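A quick write-up on the structure given underneath.
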Ligand SMILES: CCCCCCCCCCCCCC(=O)CSCCNC(=O)CCNC(=O)[C@H](O)C(C)(C)COP(=O)(O)OP(=O)(O)OC[C@H]1O[C@@H](n2cnc3c(N)ncnc32)[C@H](O)[C@@H]1OP(=O)(O)O
Ligand SMILES: CCOC(=O)c1cnc2ccc(OC)cc2c1SCCC#N
Ligand SMILES: [Cl-]
Ligand SMILES: [Mg+2]
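Numbering (the authors' numbering), first residue to last: 26 to 410.
If you want it as structure tokens, here you go:
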């Protein structure tokens, strides 16, 4: 492809490769005073809108746009269906900016037809910590595709981020764009196998009959780490220490403050689940996963796939395998149908033993305005929503 938008942006060209001695911006010495103060032009009949995600009705508009128009799998079986409470959690992290939650309305109907968002975070890339924006939830209504609206949303959010003297961003996508810093496949561990077969995701064969599949994926309802329990506010200092220490080994990770640990990990039912093991007043192990249902397109029995996605997991008292077997059990106890994980951090090491299957996509990780060496996905230490 020609990437005629992306080639105007400060990202690597498709054949660029940089060695470990290079870890810097494409464009440095940027000046906030020089940033354009005018909003980017939209086509006639469309207007910018600043969404207030803490207002239930604006949030509901974003929820409806994404439910009807967001990411589908390659096979068009599923569309992601982030909940409105999830959107509130994802977008109102510490020191978030309302003005980075950008909608576009079609004036004649007053309906939201496009969205993009970012939140601020400190990202460590090859041992250099940089303030970045983490961009997510880019969406154009399905009736307005291939009209070049996405570059207008990208340029408008870049402008507003640059007004805060932030000049780098991190983002992920299942599409290939110039140019990933790493690329991680999805893997899935079936929990409710019969439902996964019925909706057309999992398969059977003459060796693996339905009863044999159910037995294969059966799990014992006993934790390997007996005192794993939901995280509470008392555990924030300990989680900050256990996770922060663990993440320092990776080539790309977020540098969480204590306030960020409280926001990203304290549990919210049907949104984020974090469990900890406390021994002697120290947090020695943690499991976390978030809820991301998919709408099952056209299905008359099931409308929703409830899926848990692995977030951050660290063990110092058990094996990683035993930890992840406990995460699958915790997701099963919370009614999830499947447990999904990327091949980042230590995860790929347990996929075969814990009977995960390889999915069809991969998720590519990108930086904006940063040149550096790429690296294998076990050296990625960040999970975006
Ligand atoms: C310093 C601050 C920096 C801040 C900004 C950082 C960068 C943030 C970047 C955003 C990160 C978002 C991360 C995130 O949200 C997580 S990835 C999920 C993105 N959302 C979806 O896939 C939802 C369903 N699809 C859509 O809504 C549309 O297809 C979208 C809106 C995706 C494209 O709408 P469209 O109607 O299909 O297409 P046009 O308007 O005609 O636009 C065509 C151009 O858009 C480029 N494109 C397509 N998909 C992209 C994607 N996923 N990222 C980046 N760029 C993407 C494409 O390559 C082409 O450019 P090119 O001609 O050069 O090839
Ligand atoms: C059954 C296992 O879960 C998925 O395969 C799944 C479900 N819903 C989606 C909706 C949109 C979608 O867009 C790529 C993918 C999925 C996927 S695969 C990649 C995410 C994971 N795991
Ligand atoms: Cl322009
Ligand atoms: Mg378009």
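Heads up, the beta-carbon is just placed ideally off N, CA and C, and yes, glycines get one too.
With 16 other CB atoms within 10 Å as the buried threshold, where does residue 201 fall?
-> Classification for residue 201: exposed.
Just the residues with CB closer than 7 angstroms to a heavy atom of ligand 4, in chain order, which are they?
-> Checking every Cβ against the heavy atoms of ligand 4 under 7 angstroms gives 165, 169, 170, 171, 172, 173, 174 and 175.
Drop a sphere of 10 angstroms on the beta-carbon of residue 84, count the other beta-carbons inside from all chains shown, and report buried for 16 or more, exposed for fewer.
-> Buried, by the Cβ-count rule.
Verify the contact flag: residue 29, CB atom, against every heavy atom of ligand 1, threshold strictly below 7 angstroms.
-> Under cutoff, so the answer is yes.
Are at least three pairs of beta-carbons, each pair with one atom in the stretch 182–189 and one in the stretch 218–230, less than 8 angstroms apart?
-> The stretch 182–189 vs the stretch 218–230: no contact.
Buried versus exposed, by CB contacts within 10 Å (16 or more), residue 106 | Counting Cβ neighbours within 10 Å, residue 106 comes out buried, since at least 16 surround it.
When the Cα of residue 296 is compared with those of 305, 332 and 78, which residue comes out closest?
-> Looking at the Cα atoms, 332 is the closest of the given residues.
In chain order, what residues of the same chain lie with their CB nearer than 6 angstroms to the CB of residue 348, ignoring the 5 residues before and after it?
-> Here the set comprises 338 and 340.
Within the stretch 57–97, ranges of the alpha helix (DSSP H) (whole runs, at least 4 residues) | Those alpha helix (DSSP H) runs which fall completely within the stretch 57–97 and span 4+ residues are 81–94.
Opening and closing residue of the alpha helix (DSSP H) in which residue 175 lies = First-last of the alpha helix (DSSP H) with residue 175: 175–187.
Which of helix, strand or coil does DSSP assign to residue 103?
-> Strand, per DSSP.
Integer Cβ distance of residue 213 from residue 96, believed to fall under 8 angstroms | Not a contact, Cβ separation roughly 16 angstroms.
Any heavy atom of ligand 3 closer than 7 angstroms to the Cβ of residue 180?
-> Answer for residue 180: yes, Cβ within range of ligand 3.
Start and end residues, beta strand (DSSP E) containing residue 130 = Segment 126–131, the beta strand (DSSP E) holding residue 130.
Report all residues from its chain with a CB closer than 7 angstroms to the CB of residue 271; omit the five preceding and five following residues, and keep chain order.
-> The residues are 339.
Per-residue DSSP class, three states only, for residue 320 = The answer is strand: DSSP assigns residue 320 an E or B state.
Identity of the residues DSSP links to residue 205 by a beta bridge | Bridge partners of residue 205: none, in fact.
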